[PDB]
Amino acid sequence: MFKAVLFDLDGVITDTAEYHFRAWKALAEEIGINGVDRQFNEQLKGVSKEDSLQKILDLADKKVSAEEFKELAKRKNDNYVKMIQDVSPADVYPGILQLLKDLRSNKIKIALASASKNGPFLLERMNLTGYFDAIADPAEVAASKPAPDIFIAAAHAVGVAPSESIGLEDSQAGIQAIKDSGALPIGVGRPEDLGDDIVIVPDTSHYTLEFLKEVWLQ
């Protein structure tokens, strides 16, 4: 049987994308730029702050100094930290709390493998910290997803090899990272998005201990 489950945070445990979106929209509004909506935000998800801010400035063809660029980036981050003060156990995705309980009661290790710089904070606000054996620190990993580094770090931090683990992700880059780590991916979302070569479930309510066991046995 697998010995650990390695979780991403956004799109598996909870929705942090909402709060990044709100932070960018608030920034864009503060400086009088229109067009930062949920569709435009698809060009901001999972890219650097620099890239994101470039794209936003381009909406109005706005030029900035290096000093102004740095201030705007800081402002977005401050906005984000303010907006996540709201997070509560009400923000946990369906099935996830029961899955953590079941994993823990079956002595399976639980690790977070997220690029979030606020992962410990978020897990504390959602009252999930107690279930986590480790949180991989993205500050201490050399390469982001789709590189396998953060999944290797998460597995190692609970004393297992990635080949002893299942990874749960909703993103192409995350699924690729799990595959290249040696862990078994189980995706959540659409095969159209994540590929035909992995087990995919339509939403997190399908992530049950019994399902993960059956997938492992294949």
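Start at 1 with the first residue shown and count on from there.
message: Can you tell me whether 52-60 has a higher mean C-alpha B factor than 146-154 in this record, or the other way round?
response: On average, C-alpha B-factors are higher across 52-60.
task: Taking the mean of the C-alpha B-factors per stretch from the entry, tell me the winner out of 137-145 and 114-122.
output: Higher mean C-alpha B-factor in the PDB entry: 137-145.
- request: By the entry's C-alpha temperature factors, tell me which of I186, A183, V160, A28 sits highest.
  value: By C-alpha B-factor in the record, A28 ranks first.
Position of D197 among the chain's modelled residues by C-alpha B-factor, lowest, middle or highest third: Top third by C-alpha B-factor.
message: Which third, lowest, middle or highest, does the C-alpha temperature factor of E210 belong to within its own chain?
response: Tercile = highest for this residue's CA B-factor.
query: By its CA B factor, does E42 count among the lowest, middle or highest third of the modelled residues in the chain?
result: For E42, the deposited C-alpha B-factor lands in the middle third.
- request: Consider only the C-alpha atoms of the modelled residues in this chain, order them by B-factor as the entry records it, and name the third containing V36: lowest, middle or highest.
  value: Answer is highest: the recorded C-alpha B-factor places it there.
- prompt: In terms of the CA temperature factor given in the entry, to which third of its chain does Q85 belong: lowest, middle or highest?
  reply: Lowest third of the chain for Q85's C-alpha B-factor.
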